[PDB]
Every structure is written in C-alpha cells, then in structure tokens.
$ cat upload07.pdb   # PDB, C-alpha atoms and all ligand atoms
MODEL        1
ATOM      1  CA  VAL A   3     243.286 176.071 165.097  1.00  0.00           C
ATOM      2  CA  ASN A   4     241.117 175.466 168.173  1.00  0.00           C
ATOM      3  CA  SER A   5     238.034 173.427 169.140  1.00  0.00           C
ATOM      4  CA  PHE A   6     235.245 176.032 169.390  1.00  0.00           C
ATOM      5  CA  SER A   7     232.358 175.053 167.086  1.00  0.00           C
ATOM      6  CA  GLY A   8     229.450 176.940 165.553  1.00  0.00           C
ATOM      7  CA  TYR A   9     230.644 180.410 166.539  1.00  0.00           C
ATOM      8  CA  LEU A  10     229.772 183.357 164.316  1.00  0.00           C
ATOM      9  CA  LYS A  11     232.806 185.465 163.412  1.00  0.00           C
ATOM     10  CA  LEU A  12     232.326 189.096 164.456  1.00  0.00           C
ATOM     11  CA  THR A  13     235.885 190.411 164.024  1.00  0.00           C
ATOM     12  CA  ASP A  14     239.437 189.201 163.527  1.00  0.00           C
ATOM     13  CA  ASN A  15     239.544 187.891 167.107  1.00  0.00           C
ATOM     14  CA  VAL A  16     235.967 187.841 168.506  1.00  0.00           C
ATOM     15  CA  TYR A  17     233.461 185.034 167.872  1.00  0.00           C
ATOM     16  CA  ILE A  18     229.945 184.624 169.330  1.00  0.00           C
ATOM     17  CA  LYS A  19     227.475 181.783 169.934  1.00  0.00           C
ATOM     18  CA  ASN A  20     224.037 181.356 171.507  1.00  0.00           C
ATOM     19  CA  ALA A  21     224.997 178.699 174.030  1.00  0.00           C
ATOM     20  CA  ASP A  22     225.130 177.789 177.704  1.00  0.00           C
ATOM     21  CA  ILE A  23     228.658 178.702 178.837  1.00  0.00           C
ATOM     22  CA  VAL A  24     228.676 175.773 181.291  1.00  0.00           C
ATOM     23  CA  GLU A  25     227.962 173.324 178.470  1.00  0.00           C
ATOM     24  CA  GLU A  26     230.521 174.974 176.196  1.00  0.00           C
ATOM     25  CA  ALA A  27     233.120 174.748 178.961  1.00  0.00           C
ATOM     26  CA  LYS A  28     232.396 171.083 179.671  1.00  0.00           C
ATOM     27  CA  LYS A  29     232.783 170.374 175.937  1.00  0.00           C
ATOM     28  CA  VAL A  30     235.888 172.409 175.086  1.00  0.00           C
ATOM     29  CA  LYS A  31     237.731 172.443 178.432  1.00  0.00           C
ATOM     30  CA  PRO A  32     239.270 175.795 177.459  1.00  0.00           C
ATOM     31  CA  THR A  33     242.453 177.035 179.041  1.00  0.00           C
ATOM     32  CA  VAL A  34     240.441 179.970 180.430  1.00  0.00           C
ATOM     33  CA  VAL A  35     236.737 180.405 181.167  1.00  0.00           C
ATOM     34  CA  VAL A  36     235.729 183.883 182.302  1.00  0.00           C
ATOM     35  CA  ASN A  37     233.359 184.322 185.225  1.00  0.00           C
ATOM     36  CA  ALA A  38     231.199 187.438 185.544  1.00  0.00           C
ATOM     37  CA  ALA A  39     232.181 187.865 189.193  1.00  0.00           C
ATOM     38  CA  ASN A  40     231.495 190.399 191.920  1.00  0.00           C
ATOM     39  CA  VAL A  41     234.209 191.833 194.172  1.00  0.00           C
ATOM     40  CA  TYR A  42     233.458 189.354 196.991  1.00  0.00           C
ATOM     41  CA  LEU A  43     233.477 186.345 194.660  1.00  0.00           C
ATOM     42  CA  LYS A  44     230.013 185.460 195.968  1.00  0.00           C
ATOM     43  CA  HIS A  45     228.756 183.324 193.100  1.00  0.00           C
ATOM     44  CA  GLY A  46     225.011 183.601 193.546  1.00  0.00           C
ATOM     45  CA  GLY A  47     223.317 183.968 190.173  1.00  0.00           C
ATOM     46  CA  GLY A  48     223.883 184.697 186.529  1.00  0.00           C
ATOM     47  CA  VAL A  49     227.071 183.301 185.046  1.00  0.00           C
ATOM     48  CA  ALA A  50     228.727 183.032 188.441  1.00  0.00           C
ATOM     49  CA  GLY A  51     225.961 181.066 190.112  1.00  0.00           C
ATOM     50  CA  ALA A  52     225.714 178.788 187.075  1.00  0.00           C
ATOM     51  CA  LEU A  53     229.459 178.096 186.797  1.00  0.00           C
ATOM     52  CA  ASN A  54     229.742 177.561 190.533  1.00  0.00           C
ATOM     53  CA  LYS A  55     226.812 175.122 190.565  1.00  0.00           C
ATOM     54  CA  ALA A  56     228.494 173.148 187.767  1.00  0.00           C
ATOM     55  CA  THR A  57     231.609 172.819 189.981  1.00  0.00           C
ATOM     56  CA  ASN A  58     229.534 171.367 192.839  1.00  0.00           C
ATOM     57  CA  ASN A  59     230.348 174.543 194.871  1.00  0.00           C
ATOM     58  CA  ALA A  60     234.122 173.946 194.645  1.00  0.00           C
ATOM     59  CA  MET A  61     234.492 177.328 192.930  1.00  0.00           C
ATOM     60  CA  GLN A  62     232.830 179.015 195.918  1.00  0.00           C
ATOM     61  CA  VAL A  63     234.979 177.153 198.472  1.00  0.00           C
ATOM     62  CA  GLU A  64     238.152 178.165 196.621  1.00  0.00           C
ATOM     63  CA  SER A  65     236.877 181.727 196.249  1.00  0.00           C
ATOM     64  CA  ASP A  66     236.133 182.076 199.965  1.00  0.00           C
ATOM     65  CA  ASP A  67     239.728 181.126 200.759  1.00  0.00           C
ATOM     66  CA  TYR A  68     240.958 183.624 198.148  1.00  0.00           C
ATOM     67  CA  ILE A  69     238.947 186.461 199.736  1.00  0.00           C
ATOM     68  CA  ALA A  70     239.964 185.486 203.268  1.00  0.00           C
ATOM     69  CA  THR A  71     243.613 185.820 202.219  1.00  0.00           C
ATOM     70  CA  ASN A  72     243.504 188.739 199.777  1.00  0.00           C
ATOM     71  CA  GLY A  73     240.346 190.751 200.400  1.00  0.00           C
ATOM     72  CA  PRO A  74     237.873 191.851 197.746  1.00  0.00           C
ATOM     73  CA  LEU A  75     238.651 192.542 194.133  1.00  0.00           C
ATOM     74  CA  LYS A  76     238.222 195.980 192.553  1.00  0.00           C
ATOM     75  CA  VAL A  77     235.394 196.744 190.147  1.00  0.00           C
ATOM     76  CA  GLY A  78     237.186 196.441 186.811  1.00  0.00           C
ATOM     77  CA  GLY A  79     239.658 193.935 188.271  1.00  0.00           C
ATOM     78  CA  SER A  80     240.190 190.196 188.123  1.00  0.00           C
ATOM     79  CA  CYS A  81     241.910 187.184 189.585  1.00  0.00           C
ATOM     80  CA  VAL A  82     242.926 183.802 188.164  1.00  0.00           C
ATOM     81  CA  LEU A  83     241.662 180.750 190.053  1.00  0.00           C
ATOM     82  CA  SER A  84     241.085 177.110 189.149  1.00  0.00           C
ATOM     83  CA  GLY A  85     238.689 176.178 186.384  1.00  0.00           C
ATOM     84  CA  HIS A  86     237.783 173.000 188.295  1.00  0.00           C
ATOM     85  CA  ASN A  87     235.937 170.564 185.991  1.00  0.00           C
ATOM     86  CA  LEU A  88     235.136 173.298 183.445  1.00  0.00           C
ATOM     87  CA  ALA A  89     238.505 174.665 182.291  1.00  0.00           C
ATOM     88  CA  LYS A  90     242.139 174.807 183.308  1.00  0.00           C
ATOM     89  CA  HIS A  91     241.671 178.277 184.820  1.00  0.00           C
ATOM     90  CA  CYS A  92     238.791 180.586 185.650  1.00  0.00           C
ATOM     91  CA  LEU A  93     239.436 184.296 185.155  1.00  0.00           C
ATOM     92  CA  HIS A  94     237.047 185.995 187.591  1.00  0.00           C
ATOM     93  CA  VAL A  95     236.404 189.458 186.107  1.00  0.00           C
ATOM     94  CA  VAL A  96     234.364 192.154 187.865  1.00  0.00           C
ATOM     95  CA  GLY A  97     232.436 194.323 185.440  1.00  0.00           C
ATOM     96  CA  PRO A  98     230.312 197.180 186.778  1.00  0.00           C
ATOM     97  CA  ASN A  99     226.844 196.219 188.011  1.00  0.00           C
ATOM     98  CA  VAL A 100     224.449 199.000 186.985  1.00  0.00           C
ATOM     99  CA  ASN A 101     221.820 197.581 189.346  1.00  0.00           C
ATOM    100  CA  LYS A 102     224.247 198.388 192.185  1.00  0.00           C
ATOM    101  CA  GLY A 103     224.755 201.891 190.781  1.00  0.00           C
ATOM    102  CA  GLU A 104     228.300 201.110 189.653  1.00  0.00           C
ATOM    103  CA  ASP A 105     230.194 203.176 187.095  1.00  0.00           C
ATOM    104  CA  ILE A 106     229.550 201.742 183.625  1.00  0.00           C
ATOM    105  CA  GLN A 107     232.758 203.525 182.587  1.00  0.00           C
ATOM    106  CA  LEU A 108     234.733 200.722 184.308  1.00  0.00           C
ATOM    107  CA  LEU A 109     233.619 198.196 181.678  1.00  0.00           C
ATOM    108  CA  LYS A 110     236.651 198.893 179.479  1.00  0.00           C
ATOM    109  CA  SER A 111     239.006 198.237 182.397  1.00  0.00           C
ATOM    110  CA  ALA A 112     237.175 194.964 183.059  1.00  0.00           C
ATOM    111  CA  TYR A 113     237.661 193.799 179.460  1.00  0.00           C
ATOM    112  CA  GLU A 114     241.362 194.740 179.549  1.00  0.00           C
ATOM    113  CA  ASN A 115     241.893 191.761 181.857  1.00  0.00           C
ATOM    114  CA  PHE A 116     241.125 189.490 178.888  1.00  0.00           C
ATOM    115  CA  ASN A 117     244.293 190.698 177.114  1.00  0.00           C
ATOM    116  CA  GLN A 118     246.447 188.763 179.594  1.00  0.00           C
ATOM    117  CA  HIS A 119     245.207 185.478 178.051  1.00  0.00           C
ATOM    118  CA  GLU A 120     245.686 184.321 174.478  1.00  0.00           C
ATOM    119  CA  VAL A 121     242.299 182.550 174.191  1.00  0.00           C
ATOM    120  CA  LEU A 122     239.196 182.762 176.393  1.00  0.00           C
ATOM    121  CA  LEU A 123     235.650 181.417 176.584  1.00  0.00           C
ATOM    122  CA  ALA A 124     233.614 184.236 178.095  1.00  0.00           C
ATOM    123  CA  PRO A 125     230.186 185.709 178.809  1.00  0.00           C
ATOM    124  CA  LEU A 126     229.230 189.224 177.763  1.00  0.00           C
ATOM    125  CA  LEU A 127     230.405 191.369 180.679  1.00  0.00           C
ATOM    126  CA  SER A 128     227.855 193.410 182.634  1.00  0.00           C
ATOM    127  CA  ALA A 129     224.950 191.998 180.580  1.00  0.00           C
ATOM    128  CA  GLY A 130     221.862 190.274 181.951  1.00  0.00           C
ATOM    129  CA  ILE A 131     221.341 190.898 185.666  1.00  0.00           C
ATOM    130  CA  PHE A 132     224.340 193.245 185.783  1.00  0.00           C
ATOM    131  CA  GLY A 133     222.016 195.724 184.094  1.00  0.00           C
ATOM    132  CA  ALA A 134     224.231 197.312 181.432  1.00  0.00           C
ATOM    133  CA  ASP A 135     223.289 197.818 177.787  1.00  0.00           C
ATOM    134  CA  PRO A 136     224.469 194.597 176.090  1.00  0.00           C
ATOM    135  CA  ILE A 137     224.950 196.269 172.699  1.00  0.00           C
ATOM    136  CA  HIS A 138     227.326 198.684 174.425  1.00  0.00           C
ATOM    137  CA  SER A 139     229.157 195.861 176.191  1.00  0.00           C
ATOM    138  CA  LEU A 140     229.739 194.007 172.917  1.00  0.00           C
ATOM    139  CA  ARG A 141     231.126 197.214 171.387  1.00  0.00           C
ATOM    140  CA  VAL A 142     233.494 197.783 174.318  1.00  0.00           C
ATOM    141  CA  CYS A 143     234.537 194.127 174.079  1.00  0.00           C
ATOM    142  CA  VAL A 144     235.472 194.228 170.394  1.00  0.00           C
ATOM    143  CA  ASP A 145     237.159 197.628 170.827  1.00  0.00           C
ATOM    144  CA  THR A 146     239.204 196.541 173.879  1.00  0.00           C
ATOM    145  CA  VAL A 147     240.070 192.846 173.696  1.00  0.00           C
ATOM    146  CA  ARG A 148     242.915 191.990 171.324  1.00  0.00           C
ATOM    147  CA  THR A 149     243.279 188.303 172.224  1.00  0.00           C
ATOM    148  CA  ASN A 150     240.982 185.566 170.916  1.00  0.00           C
ATOM    149  CA  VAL A 151     237.623 185.638 172.669  1.00  0.00           C
ATOM    150  CA  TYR A 152     234.736 183.202 172.193  1.00  0.00           C
ATOM    151  CA  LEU A 153     231.556 184.722 173.630  1.00  0.00           C
ATOM    152  CA  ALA A 154     228.736 182.478 174.844  1.00  0.00           C
ATOM    153  CA  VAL A 155     225.375 184.249 175.157  1.00  0.00           C
ATOM    154  CA  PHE A 156     222.715 182.305 177.043  1.00  0.00           C
ATOM    155  CA  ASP A 157     219.575 184.206 176.056  1.00  0.00           C
ATOM    156  CA  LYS A 158     218.440 183.409 172.497  1.00  0.00           C
ATOM    157  CA  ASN A 159     216.541 186.661 171.955  1.00  0.00           C
ATOM    158  CA  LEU A 160     219.546 188.597 173.251  1.00  0.00           C
ATOM    159  CA  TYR A 161     221.938 186.735 170.952  1.00  0.00           C
ATOM    160  CA  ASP A 162     219.725 187.446 167.937  1.00  0.00           C
ATOM    161  CA  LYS A 163     219.492 191.129 168.906  1.00  0.00           C
ATOM    162  CA  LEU A 164     223.267 191.402 169.391  1.00  0.00           C
ATOM    163  CA  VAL A 165     224.061 189.850 166.006  1.00  0.00           C
ATOM    164  CA  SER A 166     221.441 191.874 164.153  1.00  0.00           C
ATOM    165  CA  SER A 167     222.663 195.186 165.618  1.00  0.00           C
ATOM    166  CA  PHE A 168     226.441 194.620 165.502  1.00  0.00           C
ATOM    167  CA  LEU A 169     228.405 197.208 163.519  1.00  0.00           C
TER     168      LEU A 169
HETATM  169  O1  LIG A 201     224.209 185.574 178.207  1.00  0.00           O
HETATM  170  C1  LIG A 201     223.221 186.023 178.829  1.00  0.00           C
HETATM  171  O2  LIG A 201     222.033 185.812 178.502  1.00  0.00           O
HETATM  172  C2  LIG A 201     223.516 186.899 180.056  1.00  0.00           C
HETATM  173  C3  LIG A 201     224.542 186.229 180.992  1.00  0.00           C
HETATM  174  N1  LIG A 201     224.018 185.060 181.699  1.00  0.00           N
HETATM  175  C4  LIG A 201     224.516 183.811 181.656  1.00  0.00           C
HETATM  176  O3  LIG A 201     225.429 183.447 180.919  1.00  0.00           O
HETATM  177  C5  LIG A 201     223.764 182.860 182.546  1.00  0.00           C
HETATM  178  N2  LIG A 201     222.960 183.400 183.487  1.00  0.00           N
HETATM  179  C6  LIG A 201     222.245 182.592 184.263  1.00  0.00           C
HETATM  180  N3  LIG A 201     222.192 181.265 184.255  1.00  0.00           N
HETATM  181  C7  LIG A 201     223.023 180.725 183.341  1.00  0.00           C
HETATM  182  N4  LIG A 201     223.223 179.389 183.093  1.00  0.00           N
HETATM  183  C8  LIG A 201     224.160 179.238 182.090  1.00  0.00           C
HETATM  184  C9  LIG A 201     224.563 180.478 181.649  1.00  0.00           C
HETATM  185  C10 LIG A 201     223.859 181.446 182.450  1.00  0.00           C
HETATM  186  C11 LIG A 201     225.194 187.199 181.980  1.00  0.00           C
HETATM  187  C12 LIG A 201     226.463 187.706 181.645  1.00  0.00           C
HETATM  188  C13 LIG A 201     227.147 188.566 182.521  1.00  0.00           C
HETATM  189  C14 LIG A 201     226.568 188.944 183.749  1.00  0.00           C
HETATM  190  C15 LIG A 201     225.304 188.453 184.098  1.00  0.00           C
HETATM  191  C16 LIG A 201     224.616 187.584 183.224  1.00  0.00           C
HETATM  192 CL1  LIG A 201     223.036 187.063 183.707  1.00  0.00          CL
ENDMDL
END
$ encode --input "upload07.pdb" --output "structure tokens"
Amino acid sequence: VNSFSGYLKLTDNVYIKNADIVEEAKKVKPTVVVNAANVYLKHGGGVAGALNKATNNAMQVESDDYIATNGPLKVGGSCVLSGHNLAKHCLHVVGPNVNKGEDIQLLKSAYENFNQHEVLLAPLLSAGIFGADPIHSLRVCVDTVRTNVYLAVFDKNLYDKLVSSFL
C-alpha cells in the first residue's frame, strides 16, 4: 500500500491522474520522481523547467555539476540525482524530442530506465513540447514498464483524451 490518491488504474502496475506533478511530488514525497530531461540536463520548460523551478534552481545547480563531471546523457538514457524538496531521488530520463528530429524509436529504451525503480511518480515521456504522439507514449509505457508507475498528466484535455482512447 502506498500514498498516491485519486489515480485511475490502467493496468496491473500503471495508474494515471490529471494533476500537476510538482504538487503531487510535494504531497507524496515519492522515493523517485521522474524528470523529462534533455541530454544536457538544461531544465528550461515543460516538466523539467517546472520541477527545477519548484527546487529554487537547486536541481539545475546539481545538474550542471553532474554534466561538468560526466558529460551529456544519451537519448534513451538516464541518471539518478537528488529529488531535493520534491522526492528522495529524481530519475532524469531522456526521451526522444520529435521537435529536435530525434528518433521516436528510442522511447522504449527511455521507459526501460523506469524498471530499475520499484515505484515512480512520472510524467508521460516525450509528450507535450517533446512533440511525440501521447497515445503512442502511453502504449509504450504500459508495454515496457513492469514496476509501479503513477503518471501525472498536466493538461486536462490531454488526460481525458488519453483515458478515453486507452486500450
Ligand atoms: O502532462 C502534460 O500535459 C505534458 C507534460 N508537461 C508537464 O508535466 C508540465 N509542463 C509544463 N509546466 C508544468 N508544470 C507542472 C507540470 C508541467 C510533458 C511531459 C513530458 C515532456 C514534456 C511535457 Cl510538456
């Protein structure tokens, strides 16, 4: 039993809610919140900009040190950093950004990172300003992640569309 509330059950292990992931994180303090990162960990907009703002830019400061030491992530890759005031850990996951011309095929690899964590609070990877088809991303999610994932979808119309079209 865990402390996620008001989530609609999609599958054995995937639940979904129309909610602001920052507010969910501040409420639940999950072990892991997922960030929809880019390879440089430059947290400008979308999930990343929103999470980082909620940490008072501490996420960005930590991320800049990570990149200075380790170099960029791979598209499809991830790293574990602090969750600051939002969670114990933040799993920064790089899905493909279709608006950068990146290979949507790498979305499955991106979701595989979730399997290294028993429970996660997460956004829908590559959705929104990452420009992928969100129905497709939800399918790849449910068909790839085997651990317990709680998805927070910001946009109400998007949430309604995702629920109504889910197979
Ligand atoms: O779930 C959505 O609608 C799409 C989602 N965006 C957010 O979660 C989000 N965006 C902007 N400001 C925000 N403030 C609090 C949450 C938040 C998203 C997921 C992956 C990649 C990019 C994007 Cl854009």
$ resolve_selection --input "upload07.pdb" --expression "the PyMOL selection byres (((chain A and resi 130) around 12) and not hetatm)" --output "list in words"
residues 38, 47, 48, 49, 50, 97, 98, 99, 100, 101, 125, 126, 127, 128, 129, 131, 132, 133, 134, 135, 136, 137, 139, 155, 156, 157, 159, 160 and 161 of chain A
$ residues_around --input "upload07.pdb" --residues "segment 112-118 of chain A" --least-positions-apart "6" --cutoff "10 Å" --atoms "all atoms listed in the file" --output "count of residues only"
30
$ resolve_selection --input "upload07.pdb" --expression "the PyMOL selection byres (((chain A and resi 26) around 10) and not hetatm)" --output "MDAnalysis selection string"
chainID A and resid 6:7 19 21:25 27:32 35 88 123:124 154
$ atom_distance --input "upload07.pdb" --atom1 "atom CA of residue 37 of chain A" --atom2 "atom CA of residue 61 of chain A"
10.5 Å
$ atom_distance --input "upload07.pdb" --atom1 "atom CA of residue 70 of chain A" --atom2 "atom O1 of ligand LIG 201 (chain A)"
29.6 Å
$ atom_distance --input "upload07.pdb" --atom1 "atom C12 of ligand LIG 201 (chain A)" --atom2 "atom CA of residue 92 of chain A"
14.8 Å
$ axis_aligned_box --input "upload07.pdb" --around "ligand LIG 201 (chain A)" --padding-each-side "4 Å" --output "AutoDock Vina command-line options"
--center_x 224.6 --center_y 184.1 --center_z 181.2 --size_x 13.1 --size_y 17.7 --size_z 14.1
$ residues_around --input "upload07.pdb" --residues "residue 158 of chain A" --least-positions-apart "4" --cutoff "9 Å" --atoms "only C-alpha atoms" --output "mmCIF file with C-alpha atoms, keeping the file's coordinate frame"
data_model
loop_
_atom_site.group_PDB
_atom_site.id
_atom_site.type_symbol
_atom_site.label_atom_id
_atom_site.label_comp_id
_atom_site.auth_asym_id
_atom_site.auth_seq_id
_atom_site.Cartn_x
_atom_site.Cartn_y
_atom_site.Cartn_z
ATOM 1 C CA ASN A 20 224.037 181.356 171.507
ATOM 2 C CA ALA A 21 224.997 178.699 174.030
ATOM 3 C CA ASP A 162 219.725 187.446 167.937
ATOM 4 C CA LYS A 163 219.492 191.129 168.906
#
$ closest_residue --input "upload07.pdb" --among "A:87, A:59, A:167, A:15" --to "residue 121 of chain A" --atoms "all atoms listed in the file"
A:15
$ closest_residue --input "upload07.pdb" --among "A:72, A:54, A:4, A:33" --to "ligand LIG 201 (chain A)" --atoms "all atoms listed in the file"
A:54
$ decode --input "upload07.pdb" --residues "segment 6-53 of chain A" --atoms "C-alpha atoms" --output "PDB file, in the first residue's frame"
ATOM      1  CA  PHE A   6      -0.956   8.029  -4.208  1.00  0.00           C
ATOM      2  CA  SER A   7      -4.580   9.240  -4.250  1.00  0.00           C
ATOM      3  CA  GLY A   8      -7.211   9.593  -6.956  1.00  0.00           C
ATOM      4  CA  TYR A   9      -5.287   7.726  -9.648  1.00  0.00           C
ATOM      5  CA  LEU A  10      -7.215   5.788 -12.279  1.00  0.00           C
ATOM      6  CA  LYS A  11      -5.996   2.205 -12.654  1.00  0.00           C
ATOM      7  CA  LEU A  12      -4.935   1.475 -16.238  1.00  0.00           C
ATOM      8  CA  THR A  13      -3.138  -1.860 -15.756  1.00  0.00           C
ATOM      9  CA  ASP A  14      -1.727  -4.085 -13.039  1.00  0.00           C
ATOM     10  CA  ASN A  15       1.101  -1.605 -12.409  1.00  0.00           C
ATOM     11  CA  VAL A  16       0.253   1.701 -14.169  1.00  0.00           C
ATOM     12  CA  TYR A  17      -2.026   4.385 -12.698  1.00  0.00           C
ATOM     13  CA  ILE A  18      -2.839   7.844 -14.123  1.00  0.00           C
ATOM     14  CA  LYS A  19      -4.086  11.197 -12.804  1.00  0.00           C
ATOM     15  CA  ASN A  20      -4.764  14.672 -14.199  1.00  0.00           C
ATOM     16  CA  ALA A  21      -2.504  16.580 -11.833  1.00  0.00           C
ATOM     17  CA  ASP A  22       0.468  18.912 -11.559  1.00  0.00           C
ATOM     18  CA  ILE A  23       3.480  16.639 -10.988  1.00  0.00           C
ATOM     19  CA  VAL A  24       5.123  19.296  -8.788  1.00  0.00           C
ATOM     20  CA  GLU A  25       2.093  19.358  -6.490  1.00  0.00           C
ATOM     21  CA  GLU A  26       1.865  15.564  -6.451  1.00  0.00           C
ATOM     22  CA  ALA A  27       5.551  15.353  -5.546  1.00  0.00           C
ATOM     23  CA  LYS A  28       5.255  17.908  -2.744  1.00  0.00           C
ATOM     24  CA  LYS A  29       2.314  15.909  -1.350  1.00  0.00           C
ATOM     25  CA  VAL A  30       3.608  12.338  -1.637  1.00  0.00           C
ATOM     26  CA  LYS A  31       7.384  12.861  -1.388  1.00  0.00           C
ATOM     27  CA  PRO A  32       7.875   9.730  -3.511  1.00  0.00           C
ATOM     28  CA  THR A  33      11.106   7.797  -3.452  1.00  0.00           C
ATOM     29  CA  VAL A  34      11.507   8.649  -7.154  1.00  0.00           C
ATOM     30  CA  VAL A  35      10.108  11.463  -9.293  1.00  0.00           C
ATOM     31  CA  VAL A  36      10.930  11.223 -12.990  1.00  0.00           C
ATOM     32  CA  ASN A  37      12.067  14.295 -14.893  1.00  0.00           C
ATOM     33  CA  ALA A  38      11.531  14.582 -18.650  1.00  0.00           C
ATOM     34  CA  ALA A  39      15.128  15.699 -19.176  1.00  0.00           C
ATOM     35  CA  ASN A  40      17.313  16.532 -22.153  1.00  0.00           C
ATOM     36  CA  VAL A  41      20.858  15.210 -22.580  1.00  0.00           C
ATOM     37  CA  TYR A  42      22.431  18.405 -21.175  1.00  0.00           C
ATOM     38  CA  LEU A  43      20.139  18.473 -18.137  1.00  0.00           C
ATOM     39  CA  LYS A  44      19.170  22.027 -19.097  1.00  0.00           C
ATOM     40  CA  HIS A  45      15.840  22.304 -17.308  1.00  0.00           C
ATOM     41  CA  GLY A  46      14.158  25.059 -19.279  1.00  0.00           C
ATOM     42  CA  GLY A  47      10.494  24.234 -19.811  1.00  0.00           C
ATOM     43  CA  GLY A  48       7.914  21.509 -19.621  1.00  0.00           C
ATOM     44  CA  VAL A  49       8.289  19.083 -16.743  1.00  0.00           C
ATOM     45  CA  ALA A  50      11.962  19.901 -16.317  1.00  0.00           C
ATOM     46  CA  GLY A  51      11.539  23.652 -16.071  1.00  0.00           C
ATOM     47  CA  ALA A  52       8.614  23.189 -13.683  1.00  0.00           C
ATOM     48  CA  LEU A  53      10.379  20.714 -11.373  1.00  0.00           C
TER      49      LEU A  53
END
